[PDB]
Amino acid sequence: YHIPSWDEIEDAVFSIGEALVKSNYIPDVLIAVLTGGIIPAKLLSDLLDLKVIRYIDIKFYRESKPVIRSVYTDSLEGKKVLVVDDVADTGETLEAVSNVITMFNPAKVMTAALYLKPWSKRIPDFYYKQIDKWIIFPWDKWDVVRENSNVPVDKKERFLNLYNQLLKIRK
């Protein structure tokens, strides 16, 4: 397991920001990959003062492919676009998103993820660290605990406490 603190997450986000500036790529539009790239997109936005954020509803059931459910954006024609996600695992998600954004004829599509898995089909133009361990983000920790309560995350006892009551009241 790799279980980044928010402090690490912040450093991941600073790194991306530093790389984007160093390489001269200041996006006009951030495309958040819902829902995991939600927090990364908002943090990068605030860091680099990027005021335009759009969103794509896509999920990779683990279905054989990622499935787009909704694309929340206005015209992207002639704009500098950065696709933001939290991790590139197989890389299917970043590929599918990049393929569909391109159809909006932007000036440029680049990709950022916080973390990379070694076996990714697609390597983000910008990332923080490549990890061969199982990553547990602060925003999917409970989904991971619901699938294995033996995962060593903090505040689990407060969570198990609430989840128990939750399980009772909606069956």
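Quick note: we count residues from 1 along the sequence shown, nothing fancier.
- In terms of unmodelled positions of the deposited sequence, the stretch from residue 62 to residue 63 in this entry skips 4 to 9 residues.
- Stretches 123-131 and 50-58 differ in mean CA B factor, with 123-131 having the higher one.
- When 6-14 is weighed against 153-161, 153-161 comes out higher, by mean CA B-factor as recorded in the entry.
- In this structure the maximum Cα B-factor among 116, 30, 34, 39 is found at 116.
- When the modelled residues of the chain are ordered by C-alpha B-factor, residue 69 sits in the lowest third.
- Placement of the Cα temperature factor of residue 44 within the chain: lowest third of the modelled residues, per the deposited record.
- In this PDB entry, residue 112 carries a Cα temperature factor that places it within the lowest third of its chain's modelled residues.
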